[PDB]
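Peer 1:
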Amino acid sequence: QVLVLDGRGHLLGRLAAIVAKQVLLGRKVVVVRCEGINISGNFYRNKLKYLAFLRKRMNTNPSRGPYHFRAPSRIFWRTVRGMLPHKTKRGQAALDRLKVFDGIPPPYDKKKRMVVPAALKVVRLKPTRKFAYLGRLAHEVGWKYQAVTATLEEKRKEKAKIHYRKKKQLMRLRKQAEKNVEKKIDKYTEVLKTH
Amino acid sequence: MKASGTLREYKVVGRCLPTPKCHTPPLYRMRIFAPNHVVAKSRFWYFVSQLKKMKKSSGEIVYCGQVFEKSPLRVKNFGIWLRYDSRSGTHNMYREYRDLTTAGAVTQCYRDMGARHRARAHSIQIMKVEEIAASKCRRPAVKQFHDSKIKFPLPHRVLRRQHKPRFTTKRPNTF
Amino acid sequence: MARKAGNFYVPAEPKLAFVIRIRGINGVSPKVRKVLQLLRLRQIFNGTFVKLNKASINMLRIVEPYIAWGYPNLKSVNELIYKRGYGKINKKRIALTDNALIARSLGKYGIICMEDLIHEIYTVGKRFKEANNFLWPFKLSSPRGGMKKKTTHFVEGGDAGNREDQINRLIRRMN
Amino acid sequence: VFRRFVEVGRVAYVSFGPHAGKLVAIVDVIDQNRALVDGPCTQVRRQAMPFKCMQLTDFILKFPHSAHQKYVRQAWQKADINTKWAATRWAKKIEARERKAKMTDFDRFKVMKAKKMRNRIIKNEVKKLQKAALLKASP
RNA sequence: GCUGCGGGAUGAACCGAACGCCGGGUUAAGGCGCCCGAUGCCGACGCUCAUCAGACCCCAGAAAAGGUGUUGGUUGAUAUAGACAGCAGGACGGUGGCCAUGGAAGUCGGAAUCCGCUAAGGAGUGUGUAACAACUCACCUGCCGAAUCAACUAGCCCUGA
Ligand SMILES: [Mg+2]
Ligand SMILES: [Mg+2]
Ligand SMILES: [Mg+2]
Ligand SMILES: [Mg+2]
Ligand SMILES: [Mg+2]
Ligand SMILES: [Mg+2]
Ligand SMILES: [Mg+2]
Ligand SMILES: [Mg+2]
Ligand SMILES: [Mg+2]
Ligand SMILES: [Mg+2]
Ligand SMILES: [Mg+2]
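Chains as they are written, first to last, in this note's numbering: chain C, 1 to 195; chain A, 196 to 370; chain L, 371 to 545; chain W, 546 to 684.
1. Note down, in chain order, every chain W residue with its Cβ under 7 Å from the Cβ of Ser343/A.
2. Alpha carbon to alpha carbon, what distance is there between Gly299/A and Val270/A?
3. Among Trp635/W, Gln614/W and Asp576/W, which residue has its Cα nearest to the Cα of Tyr558/W?
4. Classify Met662/W: buried if its beta carbon has 16 or more other beta carbons within 10 angstroms, exposed otherwise.
5. Please report the residue range of the beta strand (DSSP E) in which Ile571/W lies.
6. Quick check: does the Cβ of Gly528/L come within less than 7 Å of any heavy atom belonging to ligand 1?
7. How should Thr418/L be labelled, buried or exposed, when 16 other C-beta atoms within 10 angstroms of its C-beta is the threshold for buried?
8. How long is the line joining the alpha carbons of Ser611/W and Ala646/W, rounded to whole angstroms?
9. Under a Cβ-count criterion, where at least 16 other Cβ atoms within 10 Å of its own Cβ denotes burial, should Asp6/C be classed as buried or exposed?
10. Please confirm whether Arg352/A has its beta-carbon closer than 8 Å to some beta-carbon of chain W.
11. Hey, does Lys251/A have any beta-carbon neighbour from chain W nearer than 8 Å?
12. Is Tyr205/A close to chain L, meaning its C-beta is less than 8 Å from at least one C-beta of that chain?
13. Below 8 Å on the Cβ atoms is my guess for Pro348/A versus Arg549/W; work out the distance and round it to an integer in Å.
14. Return the chain-ordered ranges of every beta strand (DSSP E) run that is complete within the segment 19-73 of chain C and spans a minimum of 3 residues.
15. Could you name the residues of the same chain whose beta carbon sits closer than 7 Å to that of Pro85/C, not counting the 5 residues immediately before and after it, in chain order?
16. With C-beta atoms as the reference, is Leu11/C less than 8 Å away from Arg124/C?
17. Near residue 520/W, what residues of its chain come up, given a Cβ to Cβ distance below 8 Å and the 5 sequence neighbours on each side ignored?
18. Check whether the Cβ atoms of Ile432/L and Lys401/L lie closer than 8 Å to each other.
19. Quick one: Cα of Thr297/A to Cα of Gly455/L, how far?
20. Are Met196/A and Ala316/A closer than 8 Å when you measure CB to CB?
21. Can you tell me whether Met371/L is helix, strand or coil according to DSSP?
22. Is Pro595/W helix, strand or coil by DSSP?
23. Would you mind giving the Cβ-Cβ distance between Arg57/C and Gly65/C, rounded to the nearest angstrom? I have them listed as a contact below 8 Å.
24. Hey, is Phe340/A's beta-carbon within less than 8 Å of any beta-carbon in chain W?
25. Is the Cβ-Cβ distance between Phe498/L and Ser446/L less than 8 Å?
26. In the DSSP assignment, find the unbroken beta strand (DSSP E) run with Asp294/A in it and report its ends.
27. Indicate whether at least one CB of chain A lies closer than 8 Å to the CB of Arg533/L.
28. So, at 7 Å on beta carbons, what are the nonlocal neighbours of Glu500/L in its own chain, with the 5 sequence-adjacent residues on each side left out?
29. Closer than 8 Å by beta-carbon distance: list the chain L residues that pair up with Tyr258/A, in chain order.
30. Going by DSSP in three states, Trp143/C sits in which element: helix, strand or coil?
31. Given that a residue counts as buried once 16 or more other Cβ atoms are within 10 Å of its Cβ, and exposed if not, what is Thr587/W?
32. Beta carbon of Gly142/C: closer than 7 Å to some heavy atom of ligand 1?
33. My assumption, with CB atoms under 8 Å, is that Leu98/C sits in contact with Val29/C. Please give the rounded CB distance.
34. Is the segment 204-222 of chain A in contact with the segment 253-261 of chain A, if contact means three or more CB pairs nearer than 8 Å?
35. Just list the beta strand (DSSP E) runs in the segment 208-258 of chain A, keeping only unbroken ones of 3 residues or longer that don't cross its boundaries, in chain order.
36. Can you name, in chain order, every residue of its own chain whose Cβ lies under 8 Å from the Cβ of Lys365/A, other than the five neighbours on each side?
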């Protein structure tokens, strides 16, 4: 049904390719932590390209024409727009199925975030090559919302730390129960039939 | 030549036609590397036409044979002589390759001359192939592969592009 | 018999060659178009058996960029005669399907049956012209694995040229 | 860090290719990418295989440089890699994956009913352990 | 022109291939990250960092020239009769030689060109004080310790743009 994707350590083009392919099949995919999406190349190079993209505007009326978003979620959404056939009623429905969020929303705090392996920085890039943060690019150009998003992100990371101790305590309790007696009769059958 | 796939070593011998002006042609011999024996025969006609007064009509090929490796299980060192033609002018070249068989070493030679110097197979002419021993290699790369008790790990080994599912909670640790 | 004495040996250059036409129809010079009309290659992907001769090889050297020609093996002859054997009485190409058609229309030379027809095609006898005229040009489908670039010769990794034994692989892909 | 590395005389595992599930032994490195591997008792023939094609292990042997099949087999039977290789958790994990590939429907039914019974016992005993933890924390 | 169809995004000429209506299979030209059918092969080798990368005949832009930016190649020359760089010391005598005098006492210029001490000094590679003098270099020696230096050439990238 719904898919929740991490954005930490992912590449823009690879993640946009996989999302734009899997959204045409009907799986309602949502990319969360969009400010953490890495972009290969030098950061001055990437903001020079984005400054040229901002320079692209209609001279007769800048409103009626090229819209230029600064938030990284809307940057990724424009990247998926430029790849889906949005002028027809297939890519428009796919963009309606796609949702994008900066930071992490409260339902996506609870719902588990997937990590796509083929779109990873570590898999796709040599580690001696330069990179750039889309959130750093957005804070440098236009998107003035890093002081709120980073604060709420550290708040939910503290919430995750206060949940993980309880989860690890419950895991230690259930492994103490597995260390305890009178479960092995089914475990012999399980090991002989693929534990 | 296309040099498609791995190369093969062919011993091709050829001679002139029996003529009343000169019977018993000297039956020359070459060592042609080619993907198959038809390309070996044609490149043999090319080289013998450039060397001596021979063409396909006034000559014939006596024998064309596959040459198998004398020791495929031995990691050997091969020096290759090259008469490639660059964009400005042709040049002579000596290269070295550590590989198992002669056909594989000349295959690596064609692939590497296509990689670095942008030389097509139209321009590369293999002058001579010779197995060279240790302590005669001019190249520092092969000279530093010459190590007994050699130790190296495999740092940052990433693999399996989407053989695993495209969507997971994993985050693959390298090495 | 020659390697026990230490001497080489050359086999007989064969006198029969299968010719498939590779290239298209429009954009063809008349110098090669007339030779294709004489070799009955008027459409694309049709093939004929040609008795090799100096005049025939000098025709094939004219139409090298348009055909692929080689030496068919015994199954390469046999599958083309059995599977797609189409003769003609005067007009009206009929599938062979019986020995009576060959015994009635062609069997005026002791060649009444299909074993005689395959023998006359493979071992080129004195009545090869009647058998080649009786056989309609073999309509062949496109190959399974595809073709290599269709423009350069088989020496340069292409299709339009001489290959001398890989026409067996080509006829197993096409037939 | 870097506890494992290729070496003259190290056994290794093969993941990709026609020899998947077969142990090789590295003899010497050809050039940076492929190694002359050999198999004494694991049915794989002496050839050249890539380093990304193979998988590094932890057991070593004492091979001479560019040795033969006979001396590789003698060092293999001296080191006893087969029983020592079966006596690890790694081979048990690979064996469990092969047994999961060799499951059947009746086996999955038995696994699922034992899974229901074990999960009920786990649920009740973890609830009893946390009840005992609250009873310990109450004073 | 008189000509549809598949690629070149878009096209009169380009590359395949020519057209009655359809079912199945196969292929050319081309392509396989998404639009957009197909590499989601545990593809192989090597090159490339651009602060203006590059991406396929016609085809929609660019040269001469340059780079101690990296990758090969050629020609050579040095180095246990201890080099290359680094630190330290010497760098004279004939002779302020000779053509000059506005100076030349190596140092604007013209012609040349040896010997001794030698550890080694070039009748001197430059900086200067107008010149006379100080400084420095070739060359030599002390420590160090084993590879070093020079000129061309062509692949990518950069400047030229
Ligand atoms: Mg054409
Ligand atoms: Mg198929
Ligand atoms: Mg043409
Ligand atoms: Mg016309
Ligand atoms: Mg078109
Ligand atoms: Mg175009
Ligand atoms: Mg069809
Ligand atoms: Mg093609
Ligand atoms: Mg697709
Ligand atoms: Mg350069
Ligand atoms: Mg440029």
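Yeah, the Cβ is synthetic: ideal placement off N, Cα and C, and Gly gets one too.
Peer 2: Working from what's here:
1. Reading the second sequence from its first residue, position 148 is the one you call residue 343/A. Here the neighbours are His610.
2. As a first step, residue 270/A is located in the second sequence; it is residue number 75 there, counting from the start. As a first step, residue 299/A is located in the second sequence; it is residue number 104 there, counting from the start. Each residue's alpha carbon lies about 11 Å from the other.
3. Taking the fourth sequence and counting its residues from 1, one reaches residue 558/W at position 13. Closest option to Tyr558/W, Cα to Cα, is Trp635/W.
4. Within the fourth sequence, the letter at position 117 stands for residue 662/W. The residue is exposed, with fewer than 16 neighbouring Cβ atoms inside 10 Å.
5. Position 26 of the fourth sequence holds residue 571/W. Here the beta strand (DSSP E) through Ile571/W covers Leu568 to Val574.
6. The residue labelled residue 528/L in the question sits at position 158 within the third sequence. No, Cβ of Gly528/L sits at least 7 Å from all heavy atoms of ligand 1.
7. Position 48 of the third sequence, counting from 1, holds the residue named residue 418/L. By the neighbour-count rule (16 or more Cβ atoms within 10 Å), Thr418/L is buried.
8. Within the fourth sequence, numbered from 1, the residue matching residue 611/W stands at position 66. Within the fourth sequence, numbered from 1, the residue matching residue 646/W stands at position 101. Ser611/W and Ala646/W: Cα-Cα distance of roughly 38 Å.
9. For the purposes of this step, residue 6/C is identified with residue 6 of the first sequence, where counting begins at 1. Label assigned to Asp6/C: buried.
10. Start at 1 with the first residue of the second sequence, and residue 352/A comes out as number 157. It does: the Cβ of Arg352/A has a partner Cβ on chain W nearer than 8 Å.
11. On the second sequence, position 56 is the one that residue 251/A refers to. No, no contact with chain W.
12. In the second sequence, the residue the question calls residue 205/A occupies position 10. Not closer than 8 Å to any Cβ of chain L, the Cβ of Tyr205/A fails to qualify, so no.
13. Start at 1 with the first residue of the second sequence, and residue 348/A comes out as number 153. Start at 1 with the first residue of the fourth sequence, and residue 549/W comes out as number 4. Sure, about 7 Å apart at Cβ, within 8 Å.
14. 28-31 and 38-40
15. Within the first sequence, numbered from 1, the residue matching residue 85/C stands at position 85. Correct list, in chain order: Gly91.
16. Start at 1 with the first residue of the first sequence, and residue 11/C comes out as number 11. Start at 1 with the first residue of the first sequence, and residue 124/C comes out as number 124. For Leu11/C and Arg124/C, yes; Cβs fall inside 8 Å.
17. Any answer about residue 520/W is impossible in this case: the structure gives chain W only from 546 up to 684.
18. Position 62 of the third sequence, counted from the start, is the residue given in the question as residue 432/L. Position 31 of the third sequence, counted from the start, is the residue given in the question as residue 401/L. Yes. Within cutoff.
19. The count along the second sequence starts at 1 and reaches residue 297/A at position 102. The count along the third sequence starts at 1 and reaches residue 455/L at position 85. Going by the C-alpha atoms only, they are around 47 Å apart.
20. Against the second sequence, residue 196/A aligns to sequence position 1. Against the second sequence, residue 316/A aligns to sequence position 121. Yes, the Cβ-Cβ distance between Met196/A and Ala316/A is below 8 Å.
21. For the purposes of this step, residue 371/L is identified with residue 1 of the third sequence, where counting begins at 1. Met371/L falls in the coil class under three-state DSSP.
22. Your numbering for residue 595/W matches position 50 in the fourth sequence. Strand at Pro595/W.
23. Stepping through the first sequence from its first residue, residue 57/C is reached at position 57. Stepping through the first sequence from its first residue, residue 65/C is reached at position 65. That pair is a contact at about 7 Å.
24. The sequence position of residue 340/A within the second sequence is 145, counting from 1. Judged by the 8 Å Cβ criterion, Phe340/A is in contact with chain W.
25. Position 128 of the third sequence, counted from the first residue, corresponds to residue 498/L. Position 76 of the third sequence, counted from the first residue, corresponds to residue 446/L. No, Cβ-Cβ distance for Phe498/L and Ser446/L is not below 8 Å.
26. Counted from its first residue, the second sequence places residue 294/A at position 99. Where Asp294/A is concerned, the enclosing beta strand (DSSP E) stretches over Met288 to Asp294.
27. Counting from one through the third sequence, the residue named residue 533/L turns up at place 163. So, interface residue.
28. Locating residue 500/L in the third sequence gives position 130, counting from the first residue. If we look at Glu500/L and ignore the five residues flanking it on each side, its Cβ neighbours are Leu476 and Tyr479.
29. To locate residue 258/A, count along the second sequence from 1; it is residue 63. Residues of chain L passing the Cβ test: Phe378, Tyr379 and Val380.
30. For the purposes of this step, residue 143/C is identified with residue 143 of the first sequence, where counting begins at 1. Three-state DSSP puts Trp143/C in coil, outside helix and strand.
31. On the fourth sequence, position 42 is the one that residue 587/W refers to. With 16 or more other Cβ atoms within 10 Å, it is buried.
32. As a working note, residue 142/C is residue 142 in the first sequence. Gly142/C Cβ: outside cutoff for every heavy atom of ligand 1.
33. Taking the first residue of the first sequence as position 1, residue 98/C is located at position 98. Taking the first residue of the first sequence as position 1, residue 29/C is located at position 29. With 8 Å as the limit, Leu98/C and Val29/C qualify as a contact, their Cβ atoms being about 6 Å apart.
34. yes
35. 223-229
36. In the second sequence, the residue the question calls residue 365/A occupies position 170. For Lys365/A, where only same-chain residues beyond five positions count, the Cβ hits under 8 Å are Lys359.
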